[PDB]
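Peer 1: an experimental structure, sequence included, is below.
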Amino acid sequence: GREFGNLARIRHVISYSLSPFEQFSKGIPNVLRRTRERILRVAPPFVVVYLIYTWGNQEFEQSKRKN
Amino acid sequence: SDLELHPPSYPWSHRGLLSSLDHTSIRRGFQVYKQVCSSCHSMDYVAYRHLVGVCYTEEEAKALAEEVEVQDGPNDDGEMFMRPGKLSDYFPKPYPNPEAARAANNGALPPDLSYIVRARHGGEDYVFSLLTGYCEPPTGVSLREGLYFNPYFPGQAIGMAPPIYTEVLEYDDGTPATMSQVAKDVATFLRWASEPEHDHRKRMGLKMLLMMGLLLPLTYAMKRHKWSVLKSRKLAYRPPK
Amino acid sequence: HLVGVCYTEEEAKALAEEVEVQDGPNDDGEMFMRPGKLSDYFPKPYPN
Amino acid sequence: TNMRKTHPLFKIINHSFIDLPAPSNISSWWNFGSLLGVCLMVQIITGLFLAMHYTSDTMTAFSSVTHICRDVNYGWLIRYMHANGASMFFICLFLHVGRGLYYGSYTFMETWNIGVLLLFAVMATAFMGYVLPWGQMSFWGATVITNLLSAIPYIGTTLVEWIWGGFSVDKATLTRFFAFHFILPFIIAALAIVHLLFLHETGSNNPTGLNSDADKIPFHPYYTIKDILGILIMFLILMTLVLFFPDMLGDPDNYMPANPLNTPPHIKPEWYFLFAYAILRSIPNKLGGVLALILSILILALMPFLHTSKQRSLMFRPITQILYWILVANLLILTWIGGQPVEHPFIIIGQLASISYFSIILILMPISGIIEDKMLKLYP
Amino acid sequence: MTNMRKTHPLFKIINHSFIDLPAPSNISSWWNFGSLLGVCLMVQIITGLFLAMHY
Amino acid sequence: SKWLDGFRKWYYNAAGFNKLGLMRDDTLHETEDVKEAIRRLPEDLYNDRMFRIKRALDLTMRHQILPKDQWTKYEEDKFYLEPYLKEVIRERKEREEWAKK
Amino acid sequence: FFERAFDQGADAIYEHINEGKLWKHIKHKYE
Amino acid sequence: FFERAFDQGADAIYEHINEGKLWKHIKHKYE
Amino acid sequence: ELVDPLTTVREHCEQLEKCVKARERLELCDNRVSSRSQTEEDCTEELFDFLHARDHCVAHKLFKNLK
Ligand code: HEC
Ligand code: HEM
Ligand code: HEM
């Protein structure tokens, strides 16, 4: 039913694809761009988890301290 | 005083990812278990047929089966049939029941040591620290009779006396039986009690590592080929305007 | 298996306590006697 | 004339695995559910071996576990694949559900419902299979969960009577646990078949969330060799866990035999239940606690009704991305608090983290969605 | 409005194999043995489950 | 309204769909109302929309973006599907009002 | 024609990295 | 209003066929 | 007799500053709780501190002496 032949009415689109048998300076700036874009959305949650973990361990060993 | 000390990290001969057990030290700590440490504790899950190829050869380990005089039990005639031991028998239990073990060794149960590395934190380091770290009790604490101070034990009151001291044993391979050597040997053998699988596990470990490092770039290059047919595609839109 | 079929509970208890059945070990380690109960099986004349 | 489109078996294989149109831009996350499928297969294989030399007779059950570890050749290896594959199963399951929450895949309503039914079933099988090796920790977790099930009015009594089967610990309990742990993974496989069948009529989602009918490729040979590579990587990580660090995830206290008279100083299940146990350490009510756990799992099923945004994926939604990442953050906070003793200041961290988790699922994502709606000029 | 029996992704399989499957009218009782064989296999597995899960 | 204008420009830049050459209306989730509004489009806007979607798909297949010179700017972002969408919600709400009465 | 050589190579590098503690290294002492 | 009468009737014809033979018939002199 | 290669080790690095201040405060807790009679105060926490420092020191430099 959902086979090739009734998917979409794509019109006036040209695609060029080489043979696979006929074909790190470029991927390194690409992954640098990806991590630069996503670091501000990913990192501060795990940063504040690390701070809560260290503070909770410090307060637990302080509560174990009998003074 | 419920606070406890975690045992330190010791540079064991099997600490590494591909480091095996000192089988000479395995048989040394086995001898340590046989002549002193089997008086109270038990090994209910270790048999004499596991000692071949690890500690001794086929014959002499079998000879140990005659040195302990295990007893199987009943038959048709109803008497209590004496028989020498064989390789298919487990290690002998010291007490017939736990409450005879508690009554004859001061209320505390000397539990099964086949899984005493795996069932407690730290592992062999905790066993080595508990056996070696016997010190005098400090002030304030007033333990009762038969209870000895040991800071690594939870509650700091271990139910056993220090069993190991100077010249308490001698070895067949000629090793000076000091306290650190006897504790390290019994810790290594008693680590082998929980893991008799260590050498074969690490064998399959490096076999798996070499096979995975061989067969992963092949599938990576195949995926890169069958997707580099797609990633070279450029598309163009030519509307009639 | 005889309760509620041929004998009552006390009759089966009496028939079991008539029978001496092997057990053990105790705290000292001998393989001794006891009068029987319901869970015991029928006594073998010669197991071998 | 060709056998791929006239033979019925090959027609089914071609229609469901070869010529199925798939988006050309799906990341490696879309491998994960397929990994879960073969993860199931691994456990079934080990399950067959655990049908060989396991008895349901408590002391000799633990003795049979030790005999599997020692006497049967490569039996320790099978037991460690079973444990570490349950761990890898829950890793892949959590990342699969995280993919579903992130990339807007919850709009498929019936596939989501089959998924959450699968997730209840697999948590039940994992806990019940944790009971079977019969350690002290498995004993005490079993007693805690059965008493919590008996705390409900006039319903849990017959469940404890059917499950425990007697006045105390007896063999009937472990036989019925082994029976249920045998049976329910096959029901999990059946719901996985229904899961794929309900996915098949609507196509696969791309990470952009757009309609991907413009650019679609056959599943073979692209995603076939991609899933083969994912299977090899998953096998590498699972065998690295088995052959090198066999007990870094497992609780060490499970390996000594169960004694009901003693109380262990720190009851703990495995990590993949621990956050739920954090909810059990959150509120001091029995039936309120059961309602809290059940609603905390069922809120995933209620999540497709809370989608208030006019766009599907979170790829173009930065504020909701921040909200999702602090959601993953405080879920990690719950699964760390769950493996901690009940002392100061773990109680306030656990309670505020549970409250924050419920707020960040339920009430705050609609507000973030209507803020996203307003910042692009579509909200009234 | 759509027909639930012909548009459901799980129920079209069960009605195409069970409900609106066209069968010959003059089938005697002998073909029914085939169906009996199926349910006989099922109860065997059920008894087989009861021969393993308690035993 | 300088507070709202600069924040809207920054949020359009940080939304990310302008980096793959999309308009706003391409990013909408295709419900039945959105699909009906798509069906009412003229042919040229329809062809532009499907080419932009296909370009987005094979741009994010490679995990790359467009060059900065040909990103979709804020001033040229046209709300082409918006009046058809408003018309579709108007007819659907009128139909549900007639069904309620 | 490759897997047995692979197995013995992995085994040989295993006794090369681990010398003086396996059971196969003291075959000369007792037998 | 039939299942208890069903089991009662089946039991009643069972001890009517087997009167004086089952254990409940002889819980007088053997108790 | 056989002298231990442990009592030549855990007293080998007793001269460290943290070790001698730990023993000094151990003498401090000992004589302040010998001064007082009816309290229930225990000197245990810096005993664990001294044992932790000394255990890390002996675990640094033990195993090459043993055979
Ligand atoms: C009889 C005097 C014993 C000798 C000989 C050995 N052990 Fe012992 N051990 C004994 C008792 C009564 C106990 C229980 C202590 C209690 O308070 O209940 C123990 C305990 C241990 C432990 C710790 C187990 C625990 O629950 O934490 C270990 C690690 C241990 N024993 C090891 C050990 C070794 C290696 C021995 C040979 C040198 C040994 N024990 C001998 C009694 C006796
Ligand atoms: C139907 C197939 C299965 C059978 C027959 C089976 C049987 C068993 C048995 C006998 C045990 C106890 C032995 C041991 O602990 O290694 C066990 C343990 C376990 N099983 Fe399964 N199991 C099956 C499938 C699964 C699945 C699908 C899961 C995952 C949800 C699972 C999770 C576990 C876990 C977590 C343990 C505890 C392991 C441990 O103690 O470390 N099992 N299973
Ligand atoms: C029991 C283990 C599971 C298995 C074996 C499984 C299997 C699969 C498979 C094979 C796919 C299609 C490939 C893919 O997109 O990754 C898939 C997709 C999906 N699954 Fe699961 N799944 C499981 C658990 C779940 C759960 C618990 C949920 C609910 C949260 C879920 C919801 C989904 C959704 C929404 C999709 C569609 C995502 C997409 O195609 O883009 N699955 N699953």
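Peer 2: Arrived safely. Residues are numbered from 1 along each chain as shown, chains lettered A, B, ... in the order given. Ligands and ions are numbered 1, 2, ... in the order given.
Peer 1: all helices of chain I, in order?
Peer 2: Secondary structure of chain I by DSSP state H: the helices cover I:17-35, I:45-60.
Peer 1: please identify which of these is closest to ligand 2.
Peer 2: Ligand 2 lies closest, by CB to the nearest ligand atom, to one member of those: helix I:45-60, at 30.5 Å. The way it works is simple: take the backbone N, C-alpha and C, and place the C-beta from them, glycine included.
Peer 1: mind putting the helices of chain I in JSON lines, distance to chain H included?
Peer 2: Listed next are the helices of chain I as JSON lines, based on distance: least, CB to the nearest CB, whole Å:
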{"stretch": "helix I:17-35", "distance to chain H": "76"}
{"stretch": "helix I:45-60", "distance to chain H": "71"}
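Peer 1: can you tell which of these is closest to residue H:19?
Peer 2: Nearest to residue H:19 among these is helix I:45-60 (83.6 Å), distances taken as CB to CB.
Peer 1: for the residue in chain G positioned nearest to chain I, phi and psi?
Peer 2: Nearest residue of chain G to chain I: residue G:20, at 11.9 Å (CB to the nearest CB). Residue G:20 adopts backbone torsions of phi 90, psi 10, taken as degrees, to the nearest 10.
Peer 1: what about it, how many neighbours?
Peer 2: When neighbours are counted by other CB atoms under 10 Å in any protein chain shown, residue G:20 registers 11.
Peer 1: rewinding a little: any chance of the helices of chain I in TSV, with mean neighbour count and distance to residue F:74 too?
Peer 2: Output for the helices of chain I, formatted as TSV (neighbours: other CB atoms under 10 Å in any protein chain shown; distance: least, CB to CB, whole Å):
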stretch	mean neighbour count	distance to residue F:74
helix I:17-35	13	63
helix I:45-60	18	61
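Peer 1: tell me which element the most centrally placed residue in chain A falls in.
Peer 2: Per CA atoms, centre = their mean, the C-alpha nearest to the average position across chain A is that of residue A:38, at 6.4 Å. With elements taken from DSSP states H and E, the one containing residue A:38 is helix A:27-63.
Peer 1: tell me the contacts of the residue of chain A found nearest chain C?
Peer 2: Going by CB to the nearest CB, chain C is nearest to residue A:64 of chain A, at 42.8 Å. By CB atoms under 8 Å, 6 or more residues apart in numbering or on different chains, the residues touching residue A:64 are residue B:3.
Peer 1: please tell me how far it sits from chain G.
Peer 2: 41 Å (CB to the nearest CB, to the nearest Å).
Peer 1: ok, now residue D:133?
Peer 2: Residue D:133 sits 30 Å away from chain G, taking CB to the nearest CB as the criterion.
Peer 1: what's near enough to touch that residue?
Peer 2: Counting by CB under 8 Å, 6+ apart, residue D:133 touches D:61, D:62, D:65, D:254.
Peer 1: make sure the last one is indeed in a strand.
Peer 2: No - assessed with DSSP: H, G, I helix; E, B strand; the rest coil, residue D:254 is helix; it does not lie in a strand.
Peer 1: residue 6: how many residues sit nearby?
Peer 2: Since you didn't name a chain, this refers to chain A. Counted by other CB under 10 Å, the residues lying close to residue A:6 total 9.
Peer 1: my question was about chain I
Peer 2: If you count neighbours by other CB under 10 Å, residue I:6 ends up with 19.
Peer 1: same check on the one 10 residues further on?
Peer 2: Other residues near residue I:16 number 12, with proximity taken as other CB under 10 Å.
Peer 1: so it sits against residue I:57, correct?
Peer 2: Yes - between residue I:16 and residue I:57 a contact is recorded at 7.0 Å, counting by CB atoms under 8 Å.
Peer 1: how about the residue in chain F positioned nearest to chain H, secondary structure?
Peer 2: Closest residue of chain F to chain H, CB to the nearest CB: residue F:99 (47.1 Å). Here residue F:99 is recorded as helix under three-state DSSP.
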